[PDB]
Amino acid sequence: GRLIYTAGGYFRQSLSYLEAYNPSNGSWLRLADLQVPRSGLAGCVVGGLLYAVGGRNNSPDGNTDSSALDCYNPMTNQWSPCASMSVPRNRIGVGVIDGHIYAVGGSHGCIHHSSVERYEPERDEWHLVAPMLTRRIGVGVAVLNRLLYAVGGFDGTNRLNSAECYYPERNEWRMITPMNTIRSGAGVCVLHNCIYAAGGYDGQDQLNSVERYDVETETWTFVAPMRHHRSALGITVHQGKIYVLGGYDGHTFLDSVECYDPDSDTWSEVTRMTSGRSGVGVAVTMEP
(Lines of atoms letter the chains of each structure in order from A and count residues from 1; the text may use other names and numbers.)
(Lines give C-alpha, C1' and ligand atoms only; values in the text may rest on other atoms or scores of the structure.)
Protein backbone atom coordinates (compact mmCIF):
# COMPACT_ATOMS: atom_id res chain seq x y z
CA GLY A 1 0.00 0.00 0.00
CA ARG A 2 0.89 3.67 -0.32
CA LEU A 3 0.92 6.40 2.33
CA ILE A 4 0.59 10.16 2.39
CA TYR A 5 3.74 11.54 4.06
CA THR A 6 3.68 14.99 5.70
CA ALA A 7 7.06 16.42 6.65
CA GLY A 8 7.81 19.49 8.70
CA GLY A 9 5.48 22.47 8.97
CA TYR A 10 4.76 25.30 11.41
CA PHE A 11 2.93 25.79 14.70
CA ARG A 12 4.45 28.48 16.97
CA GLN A 13 7.82 27.42 15.45
CA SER A 14 9.07 25.23 12.56
CA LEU A 15 8.45 21.46 13.13
CA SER A 16 10.51 18.33 12.52
CA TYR A 17 7.54 15.89 12.36
CA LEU A 18 7.32 13.20 9.76
CA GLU A 19 3.99 11.42 9.87
CA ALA A 20 2.28 9.05 7.39
CA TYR A 21 -1.44 8.67 6.80
CA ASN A 22 -2.91 5.45 5.32
CA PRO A 23 -6.10 6.15 3.32
CA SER A 24 -6.93 2.38 3.42
CA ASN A 25 -7.42 2.18 7.23
CA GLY A 26 -7.49 5.84 8.55
CA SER A 27 -4.24 5.40 10.55
CA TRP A 28 -1.38 7.85 11.24
CA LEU A 29 2.20 6.61 11.92
CA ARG A 30 4.86 8.88 13.47
CA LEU A 31 8.21 8.10 11.79
CA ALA A 32 11.77 9.49 12.15
CA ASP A 33 11.99 13.29 12.70
CA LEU A 34 13.68 15.57 10.18
CA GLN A 35 17.30 16.33 11.26
CA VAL A 36 16.45 20.08 11.06
CA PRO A 37 13.00 21.52 11.74
CA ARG A 38 11.61 23.26 8.70
CA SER A 39 8.49 24.97 7.44
CA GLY A 40 7.83 26.24 3.93
CA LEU A 41 9.54 23.17 2.46
CA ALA A 42 8.31 20.87 -0.37
CA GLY A 43 8.11 17.07 -0.48
CA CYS A 44 8.51 14.86 -3.54
CA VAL A 45 9.29 11.24 -4.37
CA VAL A 46 11.85 9.73 -6.75
CA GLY A 47 12.51 6.01 -7.00
CA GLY A 48 10.39 5.28 -3.92
CA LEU A 49 12.49 7.72 -1.79
CA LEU A 50 10.97 10.74 -0.08
CA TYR A 51 12.76 14.07 -0.42
CA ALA A 52 12.39 17.18 1.74
CA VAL A 53 13.53 20.28 -0.12
CA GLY A 54 14.27 23.84 1.13
CA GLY A 55 12.15 25.69 3.76
CA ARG A 56 13.16 27.70 6.83
CA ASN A 57 13.85 26.86 10.45
CA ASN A 58 11.81 29.45 12.32
CA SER A 59 13.14 28.80 15.87
CA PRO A 60 13.46 30.81 19.09
CA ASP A 61 17.26 30.56 18.56
CA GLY A 62 17.00 32.35 15.19
CA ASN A 63 15.53 31.96 11.74
CA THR A 64 17.51 30.10 9.04
CA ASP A 65 16.44 29.61 5.40
CA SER A 66 17.26 26.11 4.16
CA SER A 67 19.14 25.10 1.00
CA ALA A 68 18.95 21.49 2.24
CA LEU A 69 17.89 18.40 0.38
CA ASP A 70 17.28 15.39 2.60
CA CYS A 71 16.26 11.88 1.68
CA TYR A 72 13.98 9.51 3.72
CA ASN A 73 14.11 5.77 2.99
CA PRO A 74 10.90 4.09 4.15
CA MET A 75 12.77 0.75 4.11
CA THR A 76 15.14 1.96 6.89
CA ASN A 77 13.14 4.78 8.51
CA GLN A 78 16.28 6.97 8.16
CA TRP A 79 16.93 10.43 6.81
CA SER A 80 20.15 11.01 4.87
CA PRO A 81 21.50 14.39 3.78
CA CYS A 82 21.99 14.99 0.05
CA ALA A 83 23.82 17.80 -1.77
CA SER A 84 22.49 21.27 -0.90
CA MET A 85 21.03 23.64 -3.48
CA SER A 86 22.83 26.70 -4.84
CA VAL A 87 20.79 28.97 -2.58
CA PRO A 88 18.39 28.78 0.37
CA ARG A 89 14.80 28.57 -0.79
CA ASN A 90 12.04 29.07 1.75
CA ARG A 91 8.36 28.86 0.58
CA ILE A 92 9.65 26.72 -2.31
CA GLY A 93 7.85 24.66 -4.93
CA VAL A 94 9.20 21.45 -6.49
CA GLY A 95 8.34 19.06 -9.31
CA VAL A 96 9.74 15.83 -10.56
CA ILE A 97 10.45 15.10 -14.25
CA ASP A 98 12.17 11.96 -15.52
CA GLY A 99 13.68 11.16 -12.06
CA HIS A 100 15.04 14.69 -11.58
CA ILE A 101 13.84 17.17 -8.97
CA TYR A 102 13.20 20.79 -9.97
CA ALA A 103 13.49 23.35 -7.15
CA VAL A 104 11.58 26.49 -8.09
CA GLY A 105 11.62 29.99 -6.58
CA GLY A 106 11.30 30.64 -2.87
CA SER A 107 12.96 33.25 -0.64
CA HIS A 108 16.26 33.86 1.04
CA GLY A 109 15.73 36.72 3.46
CA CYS A 110 14.33 39.56 1.36
CA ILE A 111 15.58 37.84 -1.86
CA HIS A 112 12.61 36.55 -3.85
CA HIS A 113 14.00 34.01 -6.34
CA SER A 114 13.14 33.61 -10.05
CA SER A 115 15.94 31.04 -10.23
CA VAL A 116 15.37 27.33 -10.75
CA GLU A 117 17.68 24.33 -10.30
CA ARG A 118 17.57 20.61 -11.03
CA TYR A 119 18.80 17.71 -8.87
CA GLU A 120 20.07 14.45 -10.36
CA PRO A 121 19.90 11.64 -7.76
CA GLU A 122 22.35 9.38 -9.66
CA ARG A 123 25.07 12.07 -9.42
CA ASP A 124 23.94 13.81 -6.18
CA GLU A 125 24.32 17.14 -8.05
CA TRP A 126 22.30 20.32 -8.45
CA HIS A 127 22.52 22.38 -11.66
CA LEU A 128 20.76 25.70 -12.40
CA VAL A 129 18.47 25.88 -15.39
CA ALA A 130 16.71 28.84 -17.04
CA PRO A 131 15.10 31.17 -14.43
CA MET A 132 11.38 31.84 -14.43
CA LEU A 133 10.09 34.98 -16.06
CA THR A 134 8.79 36.06 -12.64
CA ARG A 135 10.14 36.04 -9.09
CA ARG A 136 7.88 33.64 -7.18
CA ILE A 137 7.78 32.55 -3.56
CA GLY A 138 4.98 30.47 -2.19
CA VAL A 139 4.79 29.15 -5.72
CA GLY A 140 2.70 26.15 -6.69
CA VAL A 141 4.45 23.65 -8.93
CA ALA A 142 3.05 20.73 -10.93
CA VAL A 143 4.24 18.38 -13.69
CA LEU A 144 1.96 17.28 -16.55
CA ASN A 145 3.09 15.58 -19.74
CA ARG A 146 6.77 16.11 -18.72
CA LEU A 147 6.32 19.87 -18.59
CA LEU A 148 6.84 21.92 -15.38
CA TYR A 149 4.35 24.57 -14.27
CA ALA A 150 4.89 27.39 -11.78
CA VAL A 151 1.63 28.90 -10.52
CA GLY A 152 0.95 32.07 -8.55
CA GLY A 153 2.99 33.05 -5.50
CA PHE A 154 4.52 36.33 -4.40
CA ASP A 155 7.13 38.33 -6.30
CA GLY A 156 8.28 40.61 -3.46
CA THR A 157 5.59 43.27 -4.05
CA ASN A 158 2.37 41.56 -5.27
CA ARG A 159 0.63 38.20 -4.92
CA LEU A 160 0.15 36.72 -8.43
CA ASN A 161 -2.57 35.17 -10.58
CA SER A 162 0.07 34.51 -13.28
CA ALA A 163 1.52 31.16 -14.23
CA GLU A 164 4.24 29.88 -16.53
CA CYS A 165 5.49 26.64 -18.07
CA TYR A 166 9.05 25.27 -18.46
CA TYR A 167 9.90 23.33 -21.63
CA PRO A 168 12.92 21.23 -20.61
CA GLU A 169 14.18 20.46 -24.13
CA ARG A 170 14.22 24.25 -24.95
CA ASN A 171 15.37 25.25 -21.43
CA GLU A 172 12.77 28.00 -21.70
CA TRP A 173 9.89 29.44 -19.65
CA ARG A 174 6.72 30.83 -21.26
CA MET A 175 3.64 32.43 -19.64
CA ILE A 176 0.36 30.49 -19.73
CA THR A 177 -3.18 31.74 -19.17
CA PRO A 178 -3.37 33.42 -15.72
CA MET A 179 -5.65 31.94 -13.04
CA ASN A 180 -9.00 33.58 -12.34
CA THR A 181 -7.80 34.21 -8.76
CA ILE A 182 -4.67 35.70 -7.21
CA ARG A 183 -3.14 32.87 -5.15
CA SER A 184 0.04 32.80 -3.03
CA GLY A 185 0.81 29.80 -0.80
CA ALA A 186 -1.77 27.66 -2.54
CA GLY A 187 -1.79 23.92 -3.05
CA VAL A 188 -0.98 22.96 -6.65
CA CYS A 189 -1.10 19.44 -8.11
CA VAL A 190 -2.05 17.50 -11.21
CA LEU A 191 -4.94 15.17 -11.75
CA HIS A 192 -5.76 13.63 -15.11
CA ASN A 193 -5.19 16.33 -17.78
CA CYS A 194 -5.57 19.33 -15.38
CA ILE A 195 -3.42 21.42 -13.02
CA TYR A 196 -5.37 22.23 -9.87
CA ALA A 197 -4.79 25.25 -7.69
CA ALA A 198 -6.54 25.03 -4.31
CA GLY A 199 -6.69 27.78 -1.67
CA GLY A 200 -3.89 30.24 -1.02
CA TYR A 201 -3.82 33.88 0.06
CA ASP A 202 -4.97 36.63 -2.33
CA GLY A 203 -3.47 39.58 -0.47
CA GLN A 204 -6.60 40.03 1.68
CA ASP A 205 -8.16 36.66 2.54
CA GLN A 206 -7.42 33.00 2.71
CA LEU A 207 -9.24 31.18 -0.05
CA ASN A 208 -11.41 28.04 -0.16
CA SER A 209 -11.80 28.36 -3.98
CA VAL A 210 -10.29 25.74 -6.31
CA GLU A 211 -9.66 26.03 -10.07
CA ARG A 212 -8.07 23.86 -12.69
CA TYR A 213 -6.18 24.43 -15.90
CA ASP A 214 -6.80 22.15 -18.82
CA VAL A 215 -3.64 22.09 -20.94
CA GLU A 216 -5.69 21.18 -24.05
CA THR A 217 -8.08 24.19 -23.74
CA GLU A 218 -5.63 26.61 -22.01
CA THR A 219 -8.42 27.77 -19.71
CA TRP A 220 -8.99 27.77 -15.95
CA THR A 221 -12.30 26.57 -14.53
CA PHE A 222 -13.46 26.75 -10.86
CA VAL A 223 -14.59 23.46 -9.31
CA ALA A 224 -16.28 23.02 -5.90
CA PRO A 225 -14.58 24.96 -3.05
CA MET A 226 -12.90 23.24 -0.11
CA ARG A 227 -14.80 23.15 3.24
CA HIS A 228 -11.97 25.20 4.82
CA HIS A 229 -10.33 28.41 3.67
CA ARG A 230 -6.56 27.72 3.76
CA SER A 231 -3.18 29.13 2.89
CA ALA A 232 0.18 27.23 3.19
CA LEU A 233 -1.63 23.92 2.74
CA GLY A 234 -0.02 20.66 1.73
CA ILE A 235 -1.51 18.87 -1.29
CA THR A 236 -1.01 15.52 -2.97
CA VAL A 237 -2.72 12.98 -5.17
CA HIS A 238 -3.47 9.44 -3.94
CA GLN A 239 -5.56 6.97 -6.07
CA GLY A 240 -7.07 9.61 -8.37
CA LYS A 241 -8.09 11.92 -5.54
CA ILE A 242 -6.63 15.16 -4.26
CA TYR A 243 -5.84 15.42 -0.56
CA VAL A 244 -5.21 18.76 1.13
CA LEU A 245 -3.48 18.84 4.49
CA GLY A 246 -3.54 21.59 7.13
CA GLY A 247 -2.68 25.24 6.49
CA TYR A 248 -3.85 28.46 8.09
CA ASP A 249 -7.39 29.92 7.84
CA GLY A 250 -6.72 33.38 9.36
CA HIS A 251 -7.64 32.04 12.87
CA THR A 252 -6.43 28.48 13.37
CA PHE A 253 -3.55 26.26 12.25
CA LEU A 254 -5.76 23.55 10.74
CA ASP A 255 -5.50 19.83 11.41
CA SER A 256 -8.23 19.32 8.74
CA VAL A 257 -7.46 16.85 5.92
CA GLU A 258 -9.97 17.12 2.99
CA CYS A 259 -10.30 14.93 -0.06
CA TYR A 260 -11.65 15.90 -3.53
CA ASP A 261 -13.59 13.46 -5.74
CA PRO A 262 -13.55 14.89 -9.27
CA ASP A 263 -16.38 12.59 -10.43
CA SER A 264 -18.89 13.96 -7.84
CA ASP A 265 -17.08 17.36 -7.66
CA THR A 266 -17.24 17.28 -3.87
CA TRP A 267 -14.84 17.79 -1.01
CA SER A 268 -15.13 15.79 2.17
CA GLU A 269 -13.24 15.59 5.47
CA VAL A 270 -11.21 12.30 5.60
CA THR A 271 -9.03 12.45 8.76
CA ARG A 272 -7.29 15.01 10.92
CA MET A 273 -3.59 15.45 11.38
CA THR A 274 -2.36 14.63 14.86
CA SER A 275 -1.84 18.37 15.35
CA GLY A 276 -2.67 21.59 13.49
CA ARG A 277 0.12 23.02 11.34
CA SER A 278 0.82 24.98 8.10
CA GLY A 279 3.68 25.04 5.57
CA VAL A 280 4.20 21.24 5.38
CA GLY A 281 5.79 19.18 2.65
CA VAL A 282 3.67 16.29 1.31
CA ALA A 283 4.20 13.34 -0.99
CA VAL A 284 3.21 9.71 -1.51
CA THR A 285 5.23 6.48 -1.44
CA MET A 286 5.30 2.88 -0.07
CA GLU A 287 4.76 1.95 3.60
CA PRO A 288 7.69 1.49 5.96
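Take the two forms, superpose them, and find the largest set of C-alpha atoms that agree within 1.5 Å; that set is the rigid core. In case it trips you up, residue 1 is the first one in the sequence shown, and so on.
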Checklist entry - After a rigid core fit, does 30 to 38 or 58 to 66 show more C-alpha displacement in 9 other deposited structures of this protein? => result 58 to 66
Next on the checklist: Per the record, averaged over C-alpha atoms, which has the higher B-factor: 48 to 56 or 22 to 30?
Outcome noted: 22 to 30
Next on the checklist: Using only C-alpha atoms and the B-factors in the entry, which stretch averages higher, 117 to 125 or 91 to 99?
Outcome noted: 117 to 125
Checklist outcome for this item: Comparing C-alpha B-factors across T76, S107, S84, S162 in this entry, the winner is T76
Item to check | C-alpha B-factor winner, where the candidates are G152, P168, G203, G199 | outcome: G203
Next on the checklist: Can you tell me whether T177 has a C-alpha B-factor in the lowest, middle or highest third compared with the other modelled residues of the same chain?
Outcome noted: middle
Next on the checklist: Quick check on the deposited entry: does the C-alpha B-factor of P37 sit in the lowest, middle or highest third of its chain?
Outcome noted: middle
Checklist entry - Can you tell me which third, lowest, middle or highest, the CA B-factor of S209 falls into for its chain? => result middle
Next on the checklist: Ranking every modelled residue in this chain by its Cα temperature factor as given in the entry, which third contains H192?
Outcome noted: highest
Next on the checklist: Splitting the chain's C-alpha B-factors into thirds, which one does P225 fall into?
Outcome noted: middle
